[PDB]
Every structure is written in C-alpha cells, then in structure tokens.
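Numbering of residues begins at 1 and proceeds along the displayed sequence. All heavy atoms count here, side chains included; hydrogens, waters and symmetry mates do not.
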Amino acid sequence: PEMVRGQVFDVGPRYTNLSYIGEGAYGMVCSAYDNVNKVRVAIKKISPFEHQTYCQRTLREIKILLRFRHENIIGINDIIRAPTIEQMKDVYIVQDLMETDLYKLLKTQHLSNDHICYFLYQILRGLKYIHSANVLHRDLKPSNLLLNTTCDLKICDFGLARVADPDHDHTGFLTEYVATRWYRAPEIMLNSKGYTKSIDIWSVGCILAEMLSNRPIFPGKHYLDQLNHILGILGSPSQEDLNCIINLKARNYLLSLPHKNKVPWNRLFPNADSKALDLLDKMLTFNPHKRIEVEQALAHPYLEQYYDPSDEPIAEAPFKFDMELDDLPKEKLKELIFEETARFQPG
Ligand SMILES: CCOC(=O)CNCc1ccc(-c2cn[nH]c2-c2c[nH]c(C(=O)N[C@H](CO)c3ccc(F)c(Cl)c3)c2)cc1Cl
C-alpha cells in the first residue's frame, strides 16, 4: 500500500503512481493513474468518521455530485473504501484532475478581460445547473474553482451545499456562519441563514471583483468587519432596503453608522470593462431580493459572446435529501456513507 507524505493512501490496484496535490481540514488529494481508463485522475482521501461535521460535509457532497452531471461541475466517477463498515476507516473519491485553480492564478497571473469574461460565464453556467436542482453551493470562492491548461472551469467542494429553503432563511443579528468570510453576503451578518440562491450570487460577485484587481474586494478580518467592508464600498443602505430588515437589532446597528457614500465601481476598477462593472453592481446588490439571478446574469450584455440558453442545461429534477443531516450522530452518518458508496464496490 503506497502512501503520500506520511499518510496511508490505499487505492490500488486500479489507481497507482500517486503524487501529492493538496491537503484539507480532514482529507488529502493526490493525482493517480487510472489503469482502467488509462488516464490520470484526482483522488480525495477522506477521514471524517471522528467528527459529525466532517461526516455531514462528506455525505452531502457524495449525494449531490453523484446526481449532478455538468461540464462546469466536478464529478465523482468512482469511490474506493473497505468492503465492510467495520474495516472502513477512510473514503476515497475519484474526481476530475485539473492543473490549477482560480486562487493560484490570481496570486500571480493578470487576467485579460476575455479571460475574466470566459471564467465568469462558466461559473454562472455551472451555477445555473446547481440552482435548477434547487441546490445552493454556499462556499463559492476562487480556491473552489478548478481550471485546466485550456482554462476550462469546474466548481468543486459541495461540503456546505444545501437545498434551498427561502421560507426558513430569517434569523437574528450576528448569527454565526460557517462559509468563507470574504465571500459572505451582507445579510448573513444581519438576518439570513444563507438558505436562498441569492447568497451564491453575492459570492460570484466577489469573485468577479477579485478577478478584476487580483485581490479580494471585501477582506474582512473578523465577523462584523466583513459587513463594514461591504458598507464601505456600497454605502449606507437606502431607506427601502432598511425597511426590509425587520429585526430591530440588525436595523438599529445599520442606523447607528455614519452616512457613507457609494464608492463608484469605475473608481475601484479603472481598467475594467464597463459592461463587467454593470453586472458586478447587480450581483453585489445589498438587498438580496433585488440581487440579480443566475439566469438573468447569463443574459447580461457582458456575456453576450457566450450566452446561449439552449447550451446551458438544467438538472432533470430538483434535489431532495431523504432525511435532515443536521441532527444525526457520526455513527449513523458512517452507515449512510457506506450505503451511498456501495454501488462502486466490485461486488
Ligand atoms: C482545504 C482545501 O484544500 C486545500 O488545502 C487547497 N486546495 C488545494 C487543491 C487544489 C486542487 C486540487 C485538485 C486538482 N485536481 N482536482 C482537484 C480536486 C479534486 N477534488 C477536490 C476537492 O474536493 N477540493 C475541496 C476544496 O475545494 C476539498 C474538500 C475537502 C478536503 F479535505 C480537501 Cl483536501 C479538498 C479538488 C486539490 C486540492 Cl486539495
């Protein structure tokens, strides 16, 4: 059994010639050669069974990606694990191999407008499929956008994905949140649990702004600082947008702040395409109900060179979890993971 950087990586005999790529909070990804299809792939070893959280994220991703099939969404083509639950200590998921990701590119590469336009299109094309299945990604960011040498884009990491639930999205002021801070919509810190498709659109807007300048637009250092960054550029919310926030603690916090004017997009991004900034403004709308939707975004003039709704497929049916995974012990989650992966065993 070959191992990579002092950690067991038993995936043979089908997959060999391992090579390290990255390491996560509870797993490792390596490139391997597939002896059946005779092509290299990406294998993510997971060791989640010691924490309920890691089990929930694992199961959510497996169930969703086995039902999804889209050029701009990472796939699960095989799953390796022990033949019995007693022997199953880790789980290996075989996925698309991709040379780089948008986080790496932005660190060192200036993106031409054509590249920014093409990246944004694929993101939104993938997101259209996700949202058509009534699913939310909830952690879109450059590091979760993989790319190959011809700049084909695939969205990955569905650990925080959920089924949309707009009727149960309201919550109190300063409610804790898991997803990455720099890409959280302002309503997360005010009165939202992130159960609406509009929180993904905000994240895409942050990604667009980051592609324009090679730096995050709202780099908050802590929870509430994230909101103050957003308000520093968008300016004070209008009376109309404030009235939609019925929670008094949230509204009164906003009312306690000095008046701040809107920072014009053309001053923040002097070299950006004018149509790109118009679409950015619509994705980074303070009011989530006025924020642009994914299909509307794909039809925006900035993407006219690529827009083709007949070549932007949707899911064949909405997604629905068989049971709520928010209150299940790590032990039972291991069973469900064992069941969802049974179809990939040799027997
Ligand atoms: C905590 C996030 O992980 C990191 O440390 C930074 N990502 C580096 C990376 C960069 C590219 C690739 C890669 C290259 N080709 N295919 C993949 C790939 C295949 N699957 C995944 C994936 O699921 N990534 C997510 C994060 O986006 C993930 C989720 C959970 C994890 F434990 C790990 Cl290690 C990774 C990535 C893999 C990796 Cl691990």
Exercise for the section: Determine whether more than 12 heavy atoms belonging to other residues, nucleotides or ligands lie under 6.0 Å from atom NZ of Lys249. Expected result: no

Handout entry: Residue pair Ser143 / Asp101, side-chain donor-acceptor N/O under 3.5 Å
Key = no

Practice task
Quick one: pull up CD in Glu187 and CD1 in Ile245 and give me the separation to the nearest 0.5 Å.
Solution key: 8.5 Å

Practice task
Just grab all the ring-ring contact (aromatic ring centres under 6.0 Å, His included) pairs involving residues 175-216, residues at least two apart or on different chains.
Solution key: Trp202-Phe218

Handout entry: Steps toward side-chain contact (heavy atoms from CB on, under 4.5 Å) verdict (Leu136, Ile130)
Key = CA-CA 7 Å; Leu136 317 172; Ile130 300 168; over 6 Å; no

Practice task
State the CG-CG distance between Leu268 and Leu277, to the nearest 0.5 angstrom.
Solution key: 9.0 Å

Practice task
First locate atom CD1 of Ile199, then atom CZ of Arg162, and finally report the distance between them rounded to the nearest 0.5 Å.
Solution key: 10.5 Å

Handout entry: Side-chain (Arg14) to main-chain (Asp34) donor-acceptor, under 3.5 angstrom
Key = no

Fill in the blank from the handout: Shortest non-hydrogen pair, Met98 vs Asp152, comes out as CE-O, 3.3 Å

Problem - Contacts of type salt bridge (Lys or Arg N to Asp or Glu O under 4.0 Å), residue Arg69, not counting sequence neighbours - result: none

Problem - Hydrophobic cluster identity match, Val29 and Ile62, side-chain contacts under 4.5 Å - result: no

Practice task
Run the numbers on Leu147 and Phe119 for side-chain contact (heavy atoms from CB on, under 4.5 Å), then give the verdict.
Solution key: CA-CA 9 Å; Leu147 299 128; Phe119 294 164; 3.6 Å; yes

Practice task
Quickly, which of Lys45, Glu50, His51 forms a side-chain contact (heavy atoms from CB on, under 4.5 Å) with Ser47? Name it, please.
Solution key: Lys45

Exercise for the section: Mark yes or no for whether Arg81, through its side chain, and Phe338, through its backbone, hold a donor-acceptor pair below 3.5 Å. Expected result: yes

Exercise for the section: Calculate, to the nearest 0.5 Å, the distance between atoms CG and CE belonging to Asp278 and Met283 respectively. Expected result: 10.0 Å

Exercise for the section: Consider only side-chain N and O atoms of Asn287 and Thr285, and report whether a donor and an acceptor are under 3.5 Å apart. Expected result: no

Exercise for the section: Would you kindly say whether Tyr302 and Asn113 are connected by a side-chain donor-acceptor distance under 3.5 Å? Expected result: yes

Problem - Within 6.0 angstrom of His222 NE2, more than 12 heavy atoms from elsewhere - result: yes

Handout entry: Pairs involving residues 201-228, ordered by first then second residue, that meet salt bridge (charged side-chain N to carboxylate O under 4.0 Å, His left out) (sequence neighbours left out)
Key = none

Exercise for the section: Check the angle between the aromatic planes of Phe269 and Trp265 and answer parallel, tilted or perpendicular using the 30° and 60° thresholds. Expected result: parallel

Problem - Side chain proximity check, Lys282 to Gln296, heavy atoms < 4.5 angstrom - result: no

Completion exercise
Between the CG atom in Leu257 and the CG atom in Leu227, the distance rounded to the nearest 0.5 Å is 7.5 Å

Handout entry: Hydrophobic cluster identity match, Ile314 and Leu124, side-chain contacts under 4.5 Å
Key = no

Practice task
Output yes when a side-chain donor or acceptor of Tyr15 lies under 3.5 Å from a complementary backbone atom of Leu18, and no otherwise.
Solution key: no

Practice task
Show which residues join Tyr103 in its hydrophobic cluster (side-chain heavy-atom contacts under 4.5 Å, direct or indirect), or state none.
Solution key: none

Handout entry: From CG (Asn261) to CG (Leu234), nearest 0.5 Å
Key = 12.5 Å

Exercise for the section: Output yes when a side-chain donor or acceptor of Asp200 lies under 3.5 Å from a complementary backbone atom of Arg138, and no otherwise. Expected result: yes

Handout entry: Donor-acceptor contact present, side-chain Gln122 to main-chain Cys151, <3.5 Å
Key = yes

Exercise for the section: Using modelled atom types only, decide if a donor and an acceptor are shared between the side chain of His137 and the backbone of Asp157 within a distance under 3.5 Å. Expected result: yes

Problem - Residue pair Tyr26 / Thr53, side-chain heavy-atom distance below 4.5 Å - result: no

Handout entry: Note, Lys141 side chain near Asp139 side chain (heavy atom, < 4.5 Å)
Key = yes

Problem - Linked, directly or transitively: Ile46 and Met88 (ILVMFWY side chains, under 4.5 Å) - result: yes

Practice task
Decide if atom CD of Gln239 counts as having more than 12 heavy atoms of other residues, nucleotides or ligands within a radius under 6.0 Å.
Solution key: no

Exercise for the section: Tell me, yes or no, whether the heavy-atom count around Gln305 atom CD, taken from other residues, nucleotides or ligands under 6.0 Å, exceeds 12. Expected result: no

Problem - Side chain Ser132, main chain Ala315, donor-acceptor under 3.5 Å - result: yes

Completion exercise
Those residues at least two apart in sequence (or on a different chain) that pass salt bridge (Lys or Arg N to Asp or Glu O under 4.0 Å) with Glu240 are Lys290

Handout entry: Check: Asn72 side chain, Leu153 main-chain N or O, donor-acceptor pair, under 3.5 Å
Key = yes

Fill in the blank from the handout: In terms of heavy-atom contacts, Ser31 and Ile21 come closest through N-CD1, 3.4 Å

Exercise for the section: Kindly indicate whether the side chain of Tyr307, heavy atoms from C-beta on, has any atom under 4.5 Å from the side chain of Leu298. Expected result: yes

Exercise for the section: Side-chain contact test, heavy atoms from C-beta onward, threshold under 4.5 Å: evaluate it for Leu279 versus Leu303 and give yes or no. Expected result: yes

Exercise for the section: Search all heavy atoms of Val8 against all heavy atoms of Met3 and return the closest pair with its distance. Expected result: CA-CB, 3.8 Å

Problem - Residue pair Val11 / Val94, side-chain heavy-atom distance below 4.5 Å - result: no

Problem - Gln226 (side chain) donor-acceptor with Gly220 (main chain) under 3.5 angstrom - result: yes

Problem - For the student: nearest non-hydrogen atoms of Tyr118 and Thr150, plus distance - result: CE2-O, 4.4 Å

Completion exercise
salt bridge (charged side-chain N to carboxylate O under 4.0 Å, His left out) pairs touching residues 102-125, sequence neighbours excluded, are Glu71-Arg125, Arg125-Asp311

Practice task
Classify the ring geometry between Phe68 and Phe158 as parallel (under 30°), tilted (30 to 60°) or perpendicular (over 60°).
Solution key: perpendicular

Completion exercise
On a heavy-atom basis, the closest approach of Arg251 and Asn243 is NH2-O, 3.1 Å

Exercise for the section: Look only at the side chain of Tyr121 and the backbone of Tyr306, and say whether a donor-acceptor pair between them is shorter than 3.5 Å. Expected result: yes

Handout entry: side-chain contact (heavy atoms from CB on, under 4.5 Å) between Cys156 and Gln95, worked out
Key = CA-CA 9 Å; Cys156 69; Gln95 312 181 272; 5.8 Å; no

Problem - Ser192 vs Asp169, side-chain contact (heavy atoms from CB on, under 4.5 Å): CA-CA, chis, key distance, verdict - result: CA-CA 5 Å; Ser192 181; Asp169 183 73; 2.8 Å; yes

Practice task
Please check if atom CG in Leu255 has more than 12 non-hydrogen atoms from other residues, nucleotides or ligands closer than 6.0 Å.
Solution key: yes

Exercise for the section: Can you see which heavy atom on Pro142 is nearest to which on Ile207, and at what distance? Expected result: CD-CG1, 4.2 Å

Practice task
Report the relative orientation of the aromatic rings in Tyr92 and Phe9; use parallel for angles under 30°, tilted for 30 to 60°, perpendicular for over 60°.
Solution key: perpendicular

Handout entry: Minimum side-chain heavy-atom gap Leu145-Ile155 below 4.5 Å
Key = yes

Exercise for the section: Kindly indicate whether the side chain of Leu284, heavy atoms from C-beta on, has any atom under 4.5 Å from the side chain of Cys206. Expected result: yes

Exercise for the section: Identify the residue among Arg60, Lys193, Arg57 that makes a salt bridge (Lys or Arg N to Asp or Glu O under 4.0 Å) with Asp326. Expected result: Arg60

